[PDB]
Student: 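Mind looking over this structure? Questions follow.
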Amino acid sequence: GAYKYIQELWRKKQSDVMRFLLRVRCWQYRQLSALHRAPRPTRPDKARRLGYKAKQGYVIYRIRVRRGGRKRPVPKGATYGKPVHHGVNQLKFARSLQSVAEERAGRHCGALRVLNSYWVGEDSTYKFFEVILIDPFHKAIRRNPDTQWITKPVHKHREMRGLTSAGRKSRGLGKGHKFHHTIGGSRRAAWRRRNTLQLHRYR
Amino acid sequence: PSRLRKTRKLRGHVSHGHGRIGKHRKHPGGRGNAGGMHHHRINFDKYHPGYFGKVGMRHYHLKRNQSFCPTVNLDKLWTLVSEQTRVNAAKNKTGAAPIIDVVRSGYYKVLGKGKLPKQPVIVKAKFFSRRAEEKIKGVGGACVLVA
Amino acid sequence: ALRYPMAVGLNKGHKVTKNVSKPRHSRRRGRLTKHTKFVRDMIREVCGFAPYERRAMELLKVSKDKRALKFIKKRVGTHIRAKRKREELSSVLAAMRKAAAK
Amino acid sequence: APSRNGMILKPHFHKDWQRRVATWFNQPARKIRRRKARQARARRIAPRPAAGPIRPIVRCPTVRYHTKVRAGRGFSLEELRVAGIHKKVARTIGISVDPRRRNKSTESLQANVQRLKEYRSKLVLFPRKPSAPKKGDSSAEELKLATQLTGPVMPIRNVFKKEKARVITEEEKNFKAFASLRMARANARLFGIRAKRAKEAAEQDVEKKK
RNA sequence: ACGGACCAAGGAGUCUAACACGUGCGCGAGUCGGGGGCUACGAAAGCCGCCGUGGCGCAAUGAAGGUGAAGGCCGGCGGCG
RNA sequence: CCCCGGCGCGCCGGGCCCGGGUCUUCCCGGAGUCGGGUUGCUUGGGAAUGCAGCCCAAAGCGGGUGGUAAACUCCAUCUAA
RNA sequence: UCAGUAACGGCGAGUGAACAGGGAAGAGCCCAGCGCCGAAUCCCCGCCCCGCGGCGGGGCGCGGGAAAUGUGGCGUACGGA
Ligand SMILES: [Mg+2]
Ligand SMILES: [Mg+2]
Ligand SMILES: [Mg+2]
Ligand SMILES: [Mg+2]
Ligand SMILES: [Mg+2]
Ligand SMILES: [Mg+2]
Ligand SMILES: [Mg+2]
Ligand SMILES: [Mg+2]
Ligand SMILES: [Mg+2]
Ligand SMILES: [Mg+2]
Ligand SMILES: [Mg+2]
Ligand SMILES: [Mg+2]
Ligand SMILES: [Mg+2]
Ligand SMILES: [Mg+2]
Ligand SMILES: [Mg+2]
Ligand SMILES: [Mg+2]
Ligand SMILES: [Mg+2]
Ligand SMILES: [Mg+2]
Ligand SMILES: [Mg+2]
Ligand SMILES: [Mg+2]
Ligand SMILES: [Mg+2]
Ligand SMILES: [Mg+2]
Ligand SMILES: [Mg+2]
Ligand SMILES: [Mg+2]
């Protein structure tokens, strides 16, 4: 039951123990490159409850993403339009920094399949995420029925289509009165349905 | 069909029924309901009083099923049962009254417009108006409340 | 007197014999088991308290309870979440007094 | 521009609606495609009922529809438990199961339990190996007569209880439906405030007393 | 005052949606199957009826809680006188 | 007349050594996530529908939802990361 | 269908869903965790039999590695052991 203790310990992120580990680890992650293959999960309990298994064909990558919002990439701040669209600062990006992290791992390792990721550190400038990827051609993966699903071509670049857990959170999905925007599967699916004129033969 | 319409009669007539002076121009006066508080004010005030402004409380998440209450007047009450139901009750001597269940016919409240035949009846319903209850009682009937 | 079921009032509704059954198992989510309590008490021994909880406990020592709740609420966010936290920190404080007395 | 009397209209044609017009010329084609798949499915699963698994009886929510019963999604685990059908075995013999659904009242529960017992009585069960029957399998004489059923299985209907005419009693004549209705609304409306006023009076009188 | 050298061919109130009124037909306090289902022309046509859900109509009024559409005469009693 | 497929029936070598009910004793959950403040966008969502950045930062008969902000109190309904 | 409706909106112009109800189709499941099982798990190489244009089945190696920083079997909120 060690994973029970570790999970609870990683909930005390302002304790003396955990603050010391986060601070020194963030320092160490900061001296490496923005994309860096990790030898093992820094968080074995968090990794495994996100689908990671300790077998050949599962790999970890540590991604560093710059913190903060999204500046509008217009020259000299000119947007050339109406005042409603003059904003340059204080704009936010539609997707989380964790999702950006997974996309940067998924794009680099185009032959792997991103599964999930998790938080490992941050300072004022960077957030650090470890991404769980799978090699879809290792026979430890192809011959396991419980992981054959992610070797299918329909699961190529999940992180790049908002399919991972981090990515799908910015899509406004969910059941109930809070998520009417995406009835039909997505915002555009709801829009097309609500904006298509049904002209029946007999009308 | 296009053969029965004005265009076929307006061939050779230059302006096509829109005049030589005013012509048919694109959008004089504005598009749609423009001008309602302006150059179109007389039409709106004259024909659409009340159109501008706000009145009364807002209600978020209105659910029209909660206020579902179909009504039936007393003058249509006996149409909910069969014809033989009325005549058999009218001519019988024991004095048994038939039960008319308006909820089964799809109504909830019973309303008082009309006059009933001089014939006892037992009426089941969720709701009654005051005058409906008295008219039902004036013929020797009884009101029964269901849920 | 004669009484009927009604669609209005304090006893409104169609009458149905209520069936009593075992509550769905999903309804015990968040119930504290003795083992999970042991693990959480152990991590408190290893870890300790966060700075805002230490500062909140200084307020409770001097009996500044109204300011202790206001400080906690500004940190956790809600009145109900703050009330639970204030009670928990009070119990910790009271337990240390007992340990000192012993 | 408005012209004399008329209605004020706000057509929703201020977008590129012609880029998203859905015609229905494929409608006959869809009807033939769906029909051709119902038949091909019925042949595949024969002699199992073409409609599908038996569905329970449920009452429609809200006050507009609670007078009607219709087919639900699946039988509740309490209904299946009372009928002595294992929940994993239920689907294998054409019974639909809904683990989400609850049973609040007994009548609805017993209505669906009798439904399951009636369906179980009409079930003709072919042995897993044709040549080797087993304990619960139907006899060969009733396997010959087995034929595919069309339409929903044991269709659900709203049946009304006819009440015969009866002599009206003086107690029903004296009942005041409207006065009863109006006073019931008022009591519900003032129940909370009345108790609050009563509680204060008790405290108000107690303080003088002691 | 502007266009027009000449000939041919092409060339401009349409279609979708909504509304109003008029007219024609069907049924009629009802009416409508349009979605769905059943059974070459035919992607048609026929059917459904415990497929009428549903729309509109059959009830109005109030912001709402809500309420929601004729009376008189005769006889008897109680109260006022 | 060719070929491909589907559906059936036997042999060989393997794998499984498989279930129901009633009692007794035990066990049971996803965290820089929820939640809160603020900013910007977004929605019919209006004392703030969804999303995102920064700050704060959980609990365990708890947590979320219960379409008007908030305290108290019952209820209903689910079980997020 | 709800419904151009609840709602949004220099409450102007304009915008605008959901639940219920009727249908098409219909299918349900798996981990982490908590535990018990001597890691009971997996990959690759070499040899023998079978198959071999979808590279797999069985047998044998004091063959190599992965994996106790956790693989496999039982089991997942409908409770489970
Ligand atoms: Mg955007
Ligand atoms: Mg898919
Ligand atoms: Mg979130
Ligand atoms: Mg002329
Ligand atoms: Mg004209
Ligand atoms: Mg002209
Ligand atoms: Mg003019
Ligand atoms: Mg002029
Ligand atoms: Mg014009
Ligand atoms: Mg004009
Ligand atoms: Mg000129
Ligand atoms: Mg000229
Ligand atoms: Mg007409
Ligand atoms: Mg044809
Ligand atoms: Mg979960
Ligand atoms: Mg924008
Ligand atoms: Mg907007
Ligand atoms: Mg409220
Ligand atoms: Mg309408
Ligand atoms: Mg818009
Ligand atoms: Mg619905
Ligand atoms: Mg169907
Ligand atoms: Mg486990
Ligand atoms: Mg579940």
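Letters A, B, ... mirror the listed sequences (proteins, then strands); counts begin at 1. Scope of the values below: all heavy atoms of this structure, side chains included, with no hydrogens, waters or symmetry mates.
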Student: Please name all residues satisfying ring-ring contact (aromatic ring centres under 6.0 Å, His included) with B:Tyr51, sequence neighbours left out, ordered by chain then number.
Tutor: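 B:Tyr51: ring-ring contact (aromatic ring centres under 6.0 Å, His included) contacts with B:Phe44.
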
Student: With the thresholds 5.5 Å for ring-centre distance and 30 degrees for plane angle, say whether the bases of F:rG66 and F:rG67 stack.
Tutor: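 In short, no, the neighbouring bases do not stack by the stated criterion.
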
Student: Using purine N1 to pyrimidine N3 plus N6-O4 or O6-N4 for Watson-Crick, or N1-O2 and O6-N3 for G-U wobble, both under 3.5 Å, which nucleotide pairs with G:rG14?
Tutor: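 Pairing partner: G:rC8.
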
Student: In terms of the nearest nucleotide of RNA chain F, which residue is placed more toward the 5' end: C:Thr36 or C:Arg44?
Tutor: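 It is C:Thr36, whose closest nucleotide lies nearer the 5' terminus.
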
Student: Verify ring pair (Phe, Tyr, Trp, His ring centres under 6.0 Å) between B:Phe68 and B:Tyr108, making sure each step is shown before the conclusion.
Tutor: CA-CA 8 Å; B:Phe68 185 76; B:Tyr108 286 4; 5.4 Å; yes

Student: Stacking check, if you would: do E:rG57 and E:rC56 have six-membered base rings whose centres lie under 5.5 Å apart and whose planes meet at under 30 degrees?
Tutor: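 Flagged as stacked, both criteria satisfied.
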
Student: Is there a donor on the side chain of A:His177 or the base of F:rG45 sitting less than 3.5 Å from an acceptor on the other?
Tutor: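 No, no donor-acceptor pair under 3.5 Å.
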
Student: Got a sec, which residues hit salt bridge (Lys or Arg N to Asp or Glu O under 4.0 Å) with A:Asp146, two or more places apart in sequence or on another chain?
Tutor: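 Applying salt bridge (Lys or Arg N to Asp or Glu O under 4.0 Å) to A:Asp146 gives none.
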
Student: For RNA chain E, produce a single dot-bracket line, 5' to 3'. Pairs: Watson-Crick or G-U wobble, both distances under 3.5 Å. Symbols: ( ) within strand, [ ] crossing, | other strand, . unpaired.
Tutor: .............................(((..((((.......)))..)..)))...((....))..............

Student: Please enumerate all residues that pass ring-ring contact (aromatic ring centres under 6.0 Å, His included) together with A:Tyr58, with sequence neighbours excluded.
Tutor: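 Counting only residues at least two positions away or on another chain, A:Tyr58 forms a ring-ring contact (aromatic ring centres under 6.0 Å, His included) with A:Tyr52.
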
Student: Taking syn as within 90° of 0 and anti otherwise, name the glycosidic form of E:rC38.
Tutor: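 Nucleotide E:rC38 adopts anti.
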
Student: Any chance the bases of neighbours F:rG35 and F:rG36 are stacked, by the 5.5 Å centre and 30° plane criterion?
Tutor: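 Between F:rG36 and F:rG35 there is base stacking, as the criterion is defined here.
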
Student: From the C1'-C2'-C3'-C4' angle alone, say whether E:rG42 leans north (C3'-endo side) or south (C2'-endo side).
Tutor: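 By the sign criterion, E:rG42 is south.
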
Student: From the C1'-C2'-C3'-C4' angle alone, say whether G:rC11 leans north (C3'-endo side) or south (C2'-endo side).
Tutor: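 Of the two classes, G:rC11 takes south, because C1'-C2'-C3'-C4' is negative.
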
Student: Decide, for E:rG13, between syn and anti: a glycosidic angle within 90° of 0 counts as syn, anything else as anti.
Tutor: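 Syn, since the glycosidic angle lies within 90° of 0.
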
Student: Tell me whether G:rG73 is paired to G:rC36 (Watson-Crick: purine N1 to pyrimidine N3 plus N6-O4 or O6-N4; or G-U wobble; cut-off 3.5 Å).
Tutor: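 Answer is yes for this nucleotide pair.
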
Student: Tell me, please, if F:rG30 and G:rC31 meet the Watson-Crick or G-U wobble pairing rule with both distances under 3.5 Å?
Tutor: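 Under the 3.5 Å cut-off on both distances, the two nucleotides are paired.
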
Student: Mark yes or no for a side-chain to base donor-acceptor pair under 3.5 Å between D:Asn26 and E:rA43, with no hydrogen or angle criteria applied.
Tutor: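 Under the 3.5 Å cut-off, the side chain and the base do not form any donor-acceptor pair.
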
Student: On the side chain of C:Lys73, is there an atom forming a donor-acceptor pair with the base of F:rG36 - under 3.5 Å, no angle test?
Tutor: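 Donor-acceptor pair under 3.5 Å: no.
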
Student: Positive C1'-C2'-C3'-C4' means north, negative means south, so call it for the sugar of F:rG37.
Tutor: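 The F:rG37 sugar sits on the north side, the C3'-endo region.
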
Student: Kindly say whether F:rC23 and F:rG19 qualify as a Watson-Crick or G-U pair under the rule that both distances are below 3.5 angstrom.
Tutor: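 No, neither Watson-Crick nor G-U wobble.
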
Student: Could you give the NZ-to-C1' distance, from A:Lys178 to F:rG35, as a whole number of Å?
Tutor: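 After rounding, the gap between these two atoms is 13 Å.
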
Student: Partners of A:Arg67 by salt bridge (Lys or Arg N to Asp or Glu O under 4.0 Å), sequence neighbours excluded?
Tutor: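 With sequence neighbours excluded, A:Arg67 shows a salt bridge (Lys or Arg N to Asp or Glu O under 4.0 Å) to A:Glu122, given in chain and number order.
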
Student: Just label G:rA68 as syn or anti from its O4'-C1'-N9-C4 or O4'-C1'-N1-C2 angle, using within 90° of 0 for syn.
Tutor: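 Syn conformation for G:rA68.
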
Student: For F:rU49, does the base pair up with any side-chain atom of A:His180 as donor and acceptor (N or O, under 3.5 Å, distance only)?
Tutor: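 No.
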
Student: Applying salt bridge (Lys or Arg N to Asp or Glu O under 4.0 Å), can you list everything that pairs with A:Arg48, at least two apart in sequence or on another chain?
Tutor: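 Partners of A:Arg48 by the salt bridge (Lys or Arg N to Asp or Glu O under 4.0 Å) criterion come out as none, since no residue qualifies.
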
Student: Side-chain polar contacts of residues 3-14 of chain A - donor-acceptor pairs under 3.5 angstrom, sequence neighbours left out - could you list them?
Tutor:
from	atom 1	to	atom 2	distance (Å)
A:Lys13	NZ	A:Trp10	O	2.7

Student: With a 3.5 Å cut-off on both distances, are F:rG35 and F:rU43 a Watson-Crick or G-U wobble pair?
Tutor: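 Not paired: F:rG35 with F:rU43 fails the WC/G-U check at 3.5 Å.
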
Student: What is the pairing partner of G:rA20, taking Watson-Crick or G-U wobble pairs with both distances under 3.5 Å in any strand?
Tutor: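 Checking every strand shown, G:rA20 finds no partner, since no pair has both distances under 3.5 Å.
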
Student: State which of F:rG60, E:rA18, F:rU49 makes the closest approach to the side chain of D:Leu9.
Tutor: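 Within the option list, the nearest is E:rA18.
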
Student: Side chains of A:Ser96 and A:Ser99: is there a donor and an acceptor less than 3.5 Å apart?
Tutor: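 No, because no side-chain N or O of A:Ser96 sits under 3.5 Å from a partner of the opposite role on A:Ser99.
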
Student: Would F:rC18 and F:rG19 be classed as stacked, given the thresholds of under 5.5 Å between six-membered ring centres and under 30° between planes?
Tutor: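 Result for this step: unstacked.
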
Student: Give the first and the last nucleotide of RNA chain G, reading 5' to 3', that has any atom under 4.0 Å from a heavy atom of chain B.
Tutor: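 For RNA chain G, the relevant span reads G:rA3 to G:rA20.
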
Student: Would D:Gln27 and A:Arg201 count as having a side-chain donor-acceptor pair, cut-off 3.5 Å?
Tutor: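 D:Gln27 vs A:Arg201: donor-acceptor pair found between side chains.
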
Student: Taking atom types as they are modelled, would you say the side chain of C:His35 forms a donor-acceptor pair with the base of F:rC28 within the 3.5 Å cutoff?
Tutor: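 Such a pair does not exist between side chain and base.
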
Student: How would nucleotides 17-24 of chain F be written as a contact map, 5' to 3', with B for base contact, S for sugar-phosphate-only contact and - for no contact, using protein heavy atoms under 4.0 Å?
Tutor: --------

Student: Examine the side chains of D:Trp24 and A:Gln198 and answer whether a donor and an acceptor come within less than 3.5 Å of each other.
Tutor: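 Yes, a side-chain donor-acceptor pair sits under 3.5 Å.
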
Student: Counting Watson-Crick and G-U wobble pairs only, both distances under 3.5 Å, name the nucleotide matched with F:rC51, or none.
Tutor: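 The base-pairing partner of F:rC51, which may sit in any strand shown, is F:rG40.
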
Student: Under 4.0 Å, heavy atom to any atom of RNA chain F: which of residues 53-62 of chain B qualify?
Tutor: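 Of all residues in residues 53-62 of chain B, the ones placing a heavy atom under 4.0 Å from RNA chain F are B:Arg58, B:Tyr60, B:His61.
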
Student: Please pick, from E:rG68, E:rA59, E:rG35, the nucleotide with the shortest atom-to-atom distance to any side-chain atom of D:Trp24.
Tutor: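 Of all the options, the side chain of D:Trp24 is nearest to E:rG35.
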
Student: Should F:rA76 form a Watson-Crick or G-U wobble pair with both distances under 3.5 Å, which nucleotide is its partner?
Tutor: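 When the pairing criteria are applied, F:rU65 turns out to be the nucleotide that pairs with F:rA76.
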
Student: Does A:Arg95 or A:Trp10 map to a spot on RNA chain F nearer the 5' end, using the closest nucleotide for each?
Tutor: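 The answer here is A:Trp10.
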
Student: Between E:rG55, F:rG36, F:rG50, which nucleotide has the shortest distance from any of its atoms to the side chain of D:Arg64?
Tutor: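 Selected nucleotide: E:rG55.
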
Student: Which letters describe nucleotides 73-81 of chain F, given B = protein heavy atom under 4.0 Å from base, S = only from sugar-phosphate, - = neither?
Tutor: ----BBBSS

Student: Kindly check the sign of the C1'-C2'-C3'-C4' torsion at F:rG50 and name the resulting pucker, north or south.
Tutor: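 Here the torsion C1'-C2'-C3'-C4' comes out positive, placing F:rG50 north.
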
Student: Apply the syn/anti split at 90° from 0 to F:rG67 and say which one it is.
Tutor: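 This nucleotide is in syn.
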
Student: Is it the case that atom CZ in D:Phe160 sees more than 12 heavy atoms from other parts of the structure closer than 6.0 Å?
Tutor: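 It does: D:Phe160 CZ has more than 12 such atoms within range.
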
Student: State, without any angle test, whether A:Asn89 and A:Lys71 hold a side-chain donor-acceptor pair at a distance under 3.5 Å.
Tutor: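 There is no such pair between these side chains.
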
Student: Under 3.5 Å for both distances, do we get a Watson-Crick or G-U wobble pair between G:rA81 and F:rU25?
Tutor: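 Answer is yes for this nucleotide pair.
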
Student: Output a table of nitrogen or oxygen pairs between the protein and nucleotides 29-34 of chain E separated by less than 3.5 Å.
Tutor:
from	atom 1	to	atom 2	distance (Å)
E:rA29	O2'	B:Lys76	NZ	2.9

Student: Quick one: classify the glycosidic conformation of G:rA18 as syn or anti, with syn meaning within 90° of 0.
Tutor: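 Anti, angle beyond 90° from zero.
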
Student: Measure the distance from CD1 on A:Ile183 to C1' on F:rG44 and round it to the nearest whole Å.
Tutor: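 After rounding, the gap between these two atoms is 13 Å.
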
Student: Can you tell me the pairing partner of G:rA67 across any strand shown, Watson-Crick or G-U wobble, with both distances under 3.5 angstrom?
Tutor: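 Looking at the geometry, G:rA67 pairs with no nucleotide.
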
Student: Any strand is fair game: report the nucleotide pairing with G:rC60 by Watson-Crick or G-U wobble, both distances under 3.5 Å, or none.
Tutor: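 G:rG46 - that is the nucleotide pairing with G:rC60, both distances being under 3.5 Å.
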
Student: Could you let me know what G:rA77 is paired to, Watson-Crick or G-U wobble, both distances under 3.5 Å, or none if it's on its own?
Tutor: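 Here G:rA77 is not engaged in any pair, so there is no nucleotide opposite it.
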
Student: The sugar of G:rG59: north or south, by the sign of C1'-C2'-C3'-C4'?
Tutor: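 North pucker for G:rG59; the sign of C1'-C2'-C3'-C4' is positive.
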
